[PDB]
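> okay, here's the opening piece of the assembly, coordinates as they are in the complex:
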Amino acid sequence: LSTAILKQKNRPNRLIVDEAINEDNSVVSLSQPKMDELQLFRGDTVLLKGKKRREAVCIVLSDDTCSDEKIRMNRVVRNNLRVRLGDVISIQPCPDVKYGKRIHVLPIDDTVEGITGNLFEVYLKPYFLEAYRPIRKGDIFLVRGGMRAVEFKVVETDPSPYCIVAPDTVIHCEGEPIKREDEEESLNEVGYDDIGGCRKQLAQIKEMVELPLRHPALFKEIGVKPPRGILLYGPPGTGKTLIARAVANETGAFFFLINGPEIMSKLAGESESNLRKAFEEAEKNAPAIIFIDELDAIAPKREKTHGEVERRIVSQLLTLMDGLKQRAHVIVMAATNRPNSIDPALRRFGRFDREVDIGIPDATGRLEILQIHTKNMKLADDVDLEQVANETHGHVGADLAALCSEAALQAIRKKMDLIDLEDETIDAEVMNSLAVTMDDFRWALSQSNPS
């Protein structure tokens, strides 16, 4: 009703992700009745939009066994789009794709332990030979070559970001293997889905940041100026910084992050350069979102603040906030857990003149969060999160995370007589037996604390 901006719409080309029949990386299945509706001929190269602004490039074919409003893609494709089976994507005609000049691709470290021989010969040459594949920068794809299957990451393409791999395409694969861990972190980067119990506020954010930038005309037409300063506040630990993350990954804009405590670590005047440098960068690449985390760290009350360089920064900032031209297309977001200590001049109209309170979560919010956290944890069947939710009154996001971490330990703890700290490696059986029992939670619960 007021959460309207969130419920996404039934549209011609929003299709649910079904498991693939055809097993090929560059292939996507569609019902014939659909392919026509979207004016899509066979072997056409298409563009796919996923989550967290991830993109994939594929070739399209008709599947008899595929529902109209469903689409098949393998796990490699589900990965680049960052979607689980049952999620929904945008399909779009990608007609002007150019042939590939040169591509640079590296293998993942934990998929090459063993023989080198020749990676191009054994793996890449055949996978690409006479295939004419579409690929995007930052695609991770798997190639089987006789005895092994190896994962490769598309480091660079000419032309960026996408090209077709033709016979003329020079393929470079020399370099240091990509580290798995980094690419683990990359998958794990926070989306909107990863924040819980903030629907109301999430709405406002999109309404004040995402919307004014994606569709500036709605405001033009109606004849009003969008606000340009948004200040999130909340009792400590409520996913303010966490939202900072989501937006960066999720937003269509050029994003620049500023960390109060990090600014203030610089030499006198070194900070003023960085402060300008940020605002200049943002203008140069507009539309942009500048985000200031822990604002209070750089904007105490000038009157009540002791150091001299210290006031200069509040002044320095104020100036920049004000120095933003209308045509600039920059929204400054920021966040504190102590709003009242921030110099009031910054909350004057035309500066940070919009607030999003990010309060304690209620019963269902806790349940939401608990779900988001445990989504990759090993839990016993006897674990009831609704219970936890109810028993966790006054917890916030960070309190809950802690709770989970604690029970997890307690679980690990129950294996601690079976294991000695000294051992070089752990008995592989027990490892698999390990799970967080509901009892583990009740222990963690018995230990919990105020926010």
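Arrived safely. Numbers count the residues shown, from 1 in each chain, chains lettered A, B, ... in the order given.
> contacts and neighbour counts: CA atoms only from here.
OK.
> which stretch of helix or strand covers residue A:376?
Using DSSP states H and E, residue A:376 is not contained in any helix or strand.
> Which residue ranges make up the domains of chain A?
With domains defined by curated CATH domains, chain A comprises A:1-96, A:97-189, A:190-359, A:360-451.
> Can you give me the neighbour number for residue A:223?
9 (other Cα atoms under 10 Å).
> Phi first, then psi, for it.
Dihedral pair for residue A:223: phi 80, psi 40, per degrees, to the nearest 10.
> again, but for the one 4 residues further on
Torsion angles at residue A:227 (phi, psi; degrees, to the nearest 10) stand at phi -70, psi 150.
> In this structure residue A:411 contacts residue A:436, no?
Yes - applying Cα atoms under 8 Å as the test, residue A:411 and residue A:436 come out as touching, 5.4 Å apart.
> Can you point out the buried residues in the strand ranked longest in chain A?
Identified as the longest strand of chain A according to DSSP state E is strand A:148-158. For strand A:148-158, a neighbour-count test (16 or more other Cα atoms under 10 Å) marks A:150, A:151, A:152, A:153, A:154, A:155, A:156, A:157, A:158 as buried.
> ditto for stretch A:375-385
By 16+ other Cα under 10 Å, the buried positions in stretch A:375-385 come out as A:379, A:385.
> That stretch spans what distance, first to last residue?
Using Cα to Cα, to the nearest Å, the end-to-end distance of stretch A:375-385 comes to 12 Å.
> residues in contact with that stretch?
A:367, A:370, A:371, A:434, A:435, A:436, A:437, A:438 (Cα atoms under 8 Å, 6 or more residues apart in numbering).
> same check, this time on stretch A:305-318
Outside stretch A:305-318, the residues that reach it (Cα under 8 Å, 6+ apart) are A:268, A:269, A:271, A:272, A:275, A:298, A:299, A:300, A:302, A:343, A:345, A:346.
> Would you mind writing the CA trace of the stretch of helix or strand residue A:280 belongs to as CSV?
According to DSSP H and E, residue A:280 maps onto helix A:270-284. These are the backbone C-alpha positions of helix A:270-284, laid out as CSV (Å, rounded to 0.1, in the frame of the first residue of the first chain):
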residue,chain,number,x,y,z
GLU,A,270,45.2,16.0,3.6
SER,A,271,41.6,15.4,4.5
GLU,A,272,40.4,18.6,2.8
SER,A,273,42.0,17.4,-0.4
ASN,A,274,40.2,14.1,-0.1
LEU,A,275,36.9,15.7,0.7
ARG,A,276,37.1,17.9,-2.4
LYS,A,277,38.6,15.1,-4.4
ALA,A,278,35.5,13.0,-3.5
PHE,A,279,33.0,15.7,-4.5
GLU,A,280,34.9,16.4,-7.7
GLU,A,281,35.0,12.7,-8.6
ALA,A,282,31.3,12.5,-8.0
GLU,A,283,30.5,15.5,-10.2
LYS,A,284,32.9,14.3,-12.9
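> sequence below should go in as chain B:
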Amino acid sequence: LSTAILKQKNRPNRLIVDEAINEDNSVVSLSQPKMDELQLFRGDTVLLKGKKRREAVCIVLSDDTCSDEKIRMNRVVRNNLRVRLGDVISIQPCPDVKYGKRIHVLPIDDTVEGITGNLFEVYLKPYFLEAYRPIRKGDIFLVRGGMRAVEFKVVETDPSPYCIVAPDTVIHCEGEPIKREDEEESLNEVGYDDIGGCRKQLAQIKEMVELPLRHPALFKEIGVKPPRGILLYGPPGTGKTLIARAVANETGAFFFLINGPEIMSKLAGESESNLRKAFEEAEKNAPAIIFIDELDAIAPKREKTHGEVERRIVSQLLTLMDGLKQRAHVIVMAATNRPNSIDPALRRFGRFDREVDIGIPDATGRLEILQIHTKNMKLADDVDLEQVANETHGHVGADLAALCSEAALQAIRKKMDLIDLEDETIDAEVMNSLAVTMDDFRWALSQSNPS
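Once chain B is put in with the chains from before, the structure reads:
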């Protein structure tokens, strides 16, 4: 029950140290019934793990008189392993030992006062001749040669850290004699055993620091992220720094120490370099433990702190704490006796978000400590520590240490009419007569003070 991680396990090759029958440095006794269980043939060269990460290398033989789950070793071996008779060790097959290229060994100063003649000839040559001994770097071993017995320290081996001494091995013993005192300090280096009345906390430390680093997979498997900031706090003098010591010596990890008061003694900016330098060192050598002693000295409340360079450091640190990547494998530990004066931003989730309170010890704790202290003191038989323990209410670790030091003096005091300060040397008889009577304690006790 929650101290589970501490109780060590019955295992195939955890054997109790029994006094040796065979008197040789390179020899270890085992029951035949055991030797088989561990697939260990006679004259095999084995690896032995002691306390505080000490290691010894020996040759193994069967003893008829030796219990299955016991092992015999002489005092020289008990010394390199840093164990008293009745302690327990790891025995491990050491199969790939290489022959010794060159070894450098020096004698101990207070074991060579007198004739030189030739140390190699009289002592080393025979002890090694046709023996094929296993030795480790940092072994101290004793050699008898006619009239005298001399102690040698293995300064360097090629290949490090262990090699077999064959006839081909070139032996260098030229140099300045090792100073006894240094090697006294070395034996005395604080282990875990040296801290008393903290079992509960000692547990949490291992649980939070040693465990996440030694076995990162338990958390991976269960799908939780270990915490990376641990803050120890306690009323002054409760072995916070003392634990700092233990961990350094005891840990598997690369360890880097930071002393608040020592950081703050540096020129402006000269501290910031060191702070980074430390965090960089730790990343470079991960897995690592960075330890910050007297944290409050560098992290007062930014709001409540006066100097400018002074806030810059709190900011500087915060940044680094945050700048720690997931893949980094670094746990930051720190300690204060004034937790409440530390800037709260540092106790936010994902920074120092775990506390270990190191509190006053109870009756038995005191008794524990009193034992640990007096372990190398000359005490009369009439001395009842249980008494002391009961009478010392409200004392902490440092209070007790003081007490002992005070009674010791009182004891020395009782010899003070027999002795004049002026004398060049002390009557050697009285020296031996000296011991701390229980009365001495009752005096010290009568003088004691609040913490």
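> so, the contacts of stretch A:375-385 revisited with chain B in the model?
With Cα atoms under 8 Å, 6 or more residues apart in numbering or on different chains as the test, stretch A:375-385 has contacts from A:367, A:370, A:371, A:434, A:435, A:436, A:437, A:438, B:221, B:222, B:223, B:224.
> Now with 7 Å, please.
Residues outside stretch A:375-385 that contact it (Cα atoms under 7 Å, 6 or more residues apart in numbering or on different chains) are A:367, A:370, A:435, A:436, A:437, A:438, B:222, B:223, B:224.
> Show me which parts of the helix holding residue A:280 are buried, residue by residue.
In terms of neighbour count (16 or more other Cα atoms under 10 Å in any protein chain shown), helix A:270-284 has its buried residues at A:271, A:272, A:275, A:278, A:279, A:281, A:282, A:283.
> Can you check the distance spanned by stretch A:258-269, start to finish?
One end of stretch A:258-269 sits 16 Å from the other (Cα to Cα).
> hmm, back to that, and the helix holding residue A:280, how far out from the chain's middle?
25 Å (Cα atoms, centre = their mean, to the nearest Å).
> Would you mind pulling up the elements that the next helix or strand after that helix packs against?
Using DSSP H and E, the helix or strand that follows helix A:270-284 in sequence is strand A:288-293. Packed against strand A:288-293 by the contact rule (3 or more Cα pairs under 7 Å, 6 or more residues apart in numbering or on different chains; DSSP states H and E) you find strand A:254-259, strand A:330-336.
> any chance of those strands in CSV, plus mean neighbour count?
What follows is the helices and strands packed on strand A:288-293, written out as CSV (neighbours: other Cα atoms under 10 Å in any protein chain shown):
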stretch, mean neighbour count
strand A:254-259, 17
strand A:330-336, 25
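> Which one of those lies nearest to residue B:103?
The closest of the helices and strands packed on strand A:288-293 to residue B:103 is strand A:254-259. By Cα to Cα, the value is 54.8 Å.
> Partner strands of the longest strand of chain A and their direction?
strand A:102-107 (antiparallel), strand A:140-145 (antiparallel) (DSSP bridges).
> Using PDB, write out the CA atom coordinates for that strand.
What follows is strand A:148-158, C-alpha atoms only, in PDB (Å, rounded to 0.1, in the frame of the first residue of the first chain):
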ATOM      1  CA  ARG A 148      39.700 -32.100 -15.100                       C
ATOM      2  CA  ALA A 149      37.300 -29.300 -15.100                       C
ATOM      3  CA  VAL A 150      38.700 -25.800 -14.600                       C
ATOM      4  CA  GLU A 151      37.100 -22.400 -13.800                       C
ATOM      5  CA  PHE A 152      38.200 -19.200 -15.600                       C
ATOM      6  CA  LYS A 153      37.400 -15.600 -15.000                       C
ATOM      7  CA  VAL A 154      37.200 -13.000 -17.800                       C
ATOM      8  CA  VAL A 155      39.700 -10.400 -16.600                       C
ATOM      9  CA  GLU A 156      39.500  -8.100 -19.600                       C
ATOM     10  CA  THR A 157      37.800  -7.800 -23.000                       C
ATOM     11  CA  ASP A 158      38.400  -5.600 -26.000                       C
END
